[PDB]
Each structure stands twice: as C-alpha cells, then as structure tokens.
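Enquirer: Dropping the structure in here first, questions after.
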Amino acid sequence: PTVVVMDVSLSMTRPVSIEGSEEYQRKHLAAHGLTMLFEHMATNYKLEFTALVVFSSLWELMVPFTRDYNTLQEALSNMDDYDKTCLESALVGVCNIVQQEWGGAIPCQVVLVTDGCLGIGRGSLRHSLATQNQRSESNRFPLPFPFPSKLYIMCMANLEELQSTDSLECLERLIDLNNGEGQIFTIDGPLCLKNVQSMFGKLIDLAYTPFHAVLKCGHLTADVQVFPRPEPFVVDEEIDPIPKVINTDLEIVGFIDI
Amino acid sequence: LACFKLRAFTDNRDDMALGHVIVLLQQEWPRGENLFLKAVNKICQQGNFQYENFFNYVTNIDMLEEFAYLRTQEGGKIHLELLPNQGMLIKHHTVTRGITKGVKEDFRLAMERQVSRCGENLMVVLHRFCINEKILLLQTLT
C-alpha cells in the first residue's frame with residue numbers, strides 16, 4: 001500500500017520565510033510539485049494503493065484503495081486548513097487511515113506533515129504528542145503502530161530558525177522516543193523538496209528487477225537455465241553476506257521418488 | 001516598532017497595537033520573535049478586536065502566519081475575523097461557519113496573495129502601512 005499525509009492544518013497555511021514555493025499558496029506548490037510519496041510507488045512499488053486524505057484532528061478521509069496520484073494531488077491541493085496542528089498526531093492518523101483504506105496487512109510508509117510553528121508554551125504540539133516515558137498502565141499505546149513506517153518531519157530552512165522554532169529538536173526527540181522514526185536533520189538553507197523526498201522515499205522497499213540470464217548444460221536435449229537472484233537467508237555467513245546475482249549454471253543430476 | 005510594542009505589551013489589548021506589533025516583527029525575525037510571539041499569544045482569541053488595516057498593511061509571512069496558527073487548536077481553538085475591514089464588518093460578520101474554518105481558509109488566501117505580492121519589500125510595506133496609518137491618524141495624533 002501507500003501512505004500520504006496531506007497537511008490540512010491552519011498552521012500549515014502560511015509561507016515559510018517570505019513567500020510560497022510556486023509564488024502562491026501551498027496548494028499551488030503541491031500542484032506544481034510533490035514529494036516521493038507517489039513517485040516511488042509509480043516507479044517501483046506498483047502493487048500499492050494510496051489513501052488521499054487531508055486531515056489534522058479527525059479522519060476526514062474520502063479516498064478508498066487506489067493508486068491514482070491525481071487523487072493525491074487533488075487532496076493535497078484540498079489541504080487548505082483545519083482546526084488542529086500536530087505533526088506526530090497527523091502522521092499517526094495518516095498511517096491509520098492508509099491502513100484502514102488501502103489494506104490492513106499491506107505495508108505503507110507515513111510521515112509527519114504539519115507546520116509546527118506554534119511556539120513553546122500553552123500550545124506546543126510536541127507536549128501532547130511525545131508521551132511515551134510514563135504511563136506504565138497504558139504501555140500498549142498506539143505508538144508504535146502495527147505497520148513498519150518511519151514518520152519524518154521535513155526541515156529545510158536556517159539553523160537559527162530551526163532551533164528557535166524547535167522543529168528539529170522536537171523531531172529528534174520524537175524519533176528517539178519512537179526508536180528511529182525520523183532521519184537526522186542534516187539539511188539547511190533554501191533547500192527544495194530533496195530532504196523531504198529522501199525522508200519520504202522509503203516506500204519502494206518491495207521493488208524487483210526484470211532481467212534475464214542463461215546457462216550451459218553440455219550436449220543434452222534437456223537443459224536448464226538459472227532463475228534470478230534468490231532471497232538471502234542465514235545459511236553460511238562465510239566472509240560476509242551480499243545480494244545474489246544471476247547464477248552461472250546448474251546441473252540436473254539424480255533421480256528420486258516424486 | 002518600539003511604540004507598537006509599548007502599546008501592545010501594556011494592559012490594553014488594542015487591535016491596532018496587536019496588528020502593529022505583529023507587523024513590526026517583520027523587521028526582526030526569527031531572531032526578534034519575542035514581539036511576534038507576544039502579539040500572536042495576546043490576540044490569539046481576542047474576539048473584540050476592532051481592526052480594519054491589517055490585511056493590506058501587513059505583507060510579511062509572519063503577520064499572517066500568527067493569525068493562521070491562532071486559528072488552529074494550538075492558538076486557543078477559537079474563531080477570529082480575517083476578512084477585509086473586519087472591524088466594521090463585525091455587525092455583518094458575526095459568529096458563523098466562516099469565522100472558524102472559513103476564516104482559516106481566508107487567512108490561507110491572504111497568505112497566498114502576499115506570496116503573489118512578494119514584490120513589496122519590508123521597506124515598501126512599512127512605508128505603505130505608515131502612509132495608511134498617517135491617513136487614518138491624521139487628526140488622531142493628539
């Protein structure tokens with residue numbers, strides 16, 4: 001499956017520093033370009049459905065299991081605003097909606113989509129979202145969700161602005177509490193959709209290589225050709241493991257009961 | 001900016017003072033975010049804010065971003081007015097569906113317009129807002 005987090009948030013309805021990306025609203029920027037939430041599935045993970053939902057506080061989802069990136073673009077363009085702003089909660093809701101819409105047991109990859117520029121104080125969204133170091137009575141909480149996904153909060157701006165807004169700090173704290181849900185914020189300056197695409201491009205883990213190979217089997221009238229590379233397993237480590245390649249040849253020898 | 005900070009941080013909650021303090025934070029940001037934070041938190045759920053010179057006078061992203069973030073649940077989870085001439089229109093812009101969620105959409109539209117109108121720099125926007133205030137406060141200098 002696929003997971004898409006359309007940041008329909010009132011906080012995520014304003015520019016970053018001076019003006020929007022495509023000289024207009026976030027919807028125009030989303031229409032002009034998108035992250036790796038759909039490109040990876042279009043290229044590699046063909047067998048996957050996406051739940052185009054724009055939501056902050058409640059599951060306002062209308063898109064069923066479908067691979068149409070046009071629906072995702074429309075939903076992202078429709079992510080104008082709402083009455084909430086919480087990156088981790090948005091990621092959790094997006095993952096839950098994607099699981100409930102595209103497929104229950106189908107893996108997906110959700111990320112955090114919110115502005116987060118609320119300010120440290122009475123309305124910090126990290127305080128009400130990063131709640132994992134206590135509550136032993138409710139240790140079996142929604143975090144971690146029953147799906148392998150690393151929620152990542154995008155960051156491409158100045159270091160001083162990232163530290164004052166506490167975006168990278170809260171993201172790193174959430175990743176540490178969630179045990180790696182989020183890459184290291186190694187990005188700064190006026191950066192395009194490259195860090196976000198890198199952090200959201202992990203939804204192509206089920207790709208394949210449509211190649212071919214051949215084999216030699218002497219001068220018999222019934223030969224055999226090796227298949228593609230198999231799945232590695234713990235059989236014999238030897239020096240070190242590595243992905244397999246096209247095998248040279250086999251040999252049909254022996255005859256036993258069928 | 002100092003006068004706006006004095007008028008806003010004081011015991012009064014003047015809509016003009018709050019809008020000026022948020023707008024005057026365009027000079028110093030994100031280093032001088034204290035004034036913007038005080039303007040955003042103080043007027044997050046003001047309600048009775050008679051303002052009619054904030055939509056066009058303010059052109060920086062931060063001024064509209066404060067109101068947009070206030071419209072969410074991180075800024076009091078309350079309704080606000082963001083249409084042009086909202087102070088006078090309050091008789092015909094009462095509590096409805098458009099003042100809580102539609103107001104957020106209108107703030108998004110205003111931010112989009114400012115992004116389209118990004119040619120107006122900090123100096124140009126400051127001069128235009130000072131000219132508008134001088135026209136309004138020509139006989140209110142006291």
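By convention in this document, the chains of the structure tokens carry letters A, B, ... by their order, each chain's residues are numbered from 1, and ligands are numbered from 1 in the order they are shown.
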Restrict the distance test to only C-alpha atoms, flag each residue of chain A within 6 Å of chain B, and return the flagged residues as a list in words.

Expert: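 Written out as asked, the residues are residues 10, 11, 13, 14, 15, 18, 19, 20, 23, 24, 25, 83, 84, 123 and 161 of chain A.
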
Enquirer: Print the selection's residues with C-alpha atoms to a file, as a short mmCIF file (atom, residue, chain, number, x, y, z; two decimals), in the first residue's frame.

Expert:
```cif
data_model
loop_
_atom_site.label_atom_id
_atom_site.label_comp_id
_atom_site.auth_asym_id
_atom_site.auth_seq_id
_atom_site.Cartn_x
_atom_site.Cartn_y
_atom_site.Cartn_z
CA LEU A 10 -4.27 26.10 9.87
CA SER A 11 -0.63 26.41 10.94
CA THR A 13 -1.45 27.63 5.64
CA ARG A 14 1.27 30.30 5.57
CA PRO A 15 4.64 30.75 3.83
CA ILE A 18 8.75 35.33 2.76
CA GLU A 19 6.65 33.65 0.08
CA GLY A 20 5.42 30.27 -1.08
CA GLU A 23 4.70 32.19 -5.84
CA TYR A 24 1.33 31.21 -4.36
CA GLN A 25 -0.43 29.05 -1.74
CA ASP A 83 -8.70 23.35 13.45
CA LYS A 84 -5.58 21.48 14.59
CA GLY A 123 0.01 25.42 22.67
CA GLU A 161 15.12 29.39 12.60
#
```

Enquirer: As a PyMOL selection string, which residues of chain B does DSSP assign to alpha helix (DSSP H)?

Expert: chain B and resi 2-9+15-24+33-42+61-70+86-89+102-116+122-136

Enquirer: Tell me which protein, DNA and RNA residues are within 12 Å of residue A:243, counting only C-alpha atoms, leaving out same-chain ones fewer than 6 positions away, and put them as JSON, numbers by chain.

Expert: {"A": [228, 229, 230, 231, 232, 233]}

Enquirer: Can you pull out the residues contacting residue A:12? Cut-off 7 Å, using only C-alpha atoms, and skip same-chain residues under 4 positions away; I want them as JSON, numbers by chain.

Expert: {"A": [7, 8, 81, 114, 115]}

Enquirer: Of the candidates B:7, B:42, B:13, B:20, which shows the shortest atom-to-atom distance to residue B:130, using only C-alpha atoms?

Expert: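 Checking each candidate against residue B:130, we get B:20 as the closest.
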
Enquirer: With only C-alpha atoms as the basis for distance, which of A:236, A:249, A:218, A:165 is at the shortest distance from residue B:34?

Expert: A:165
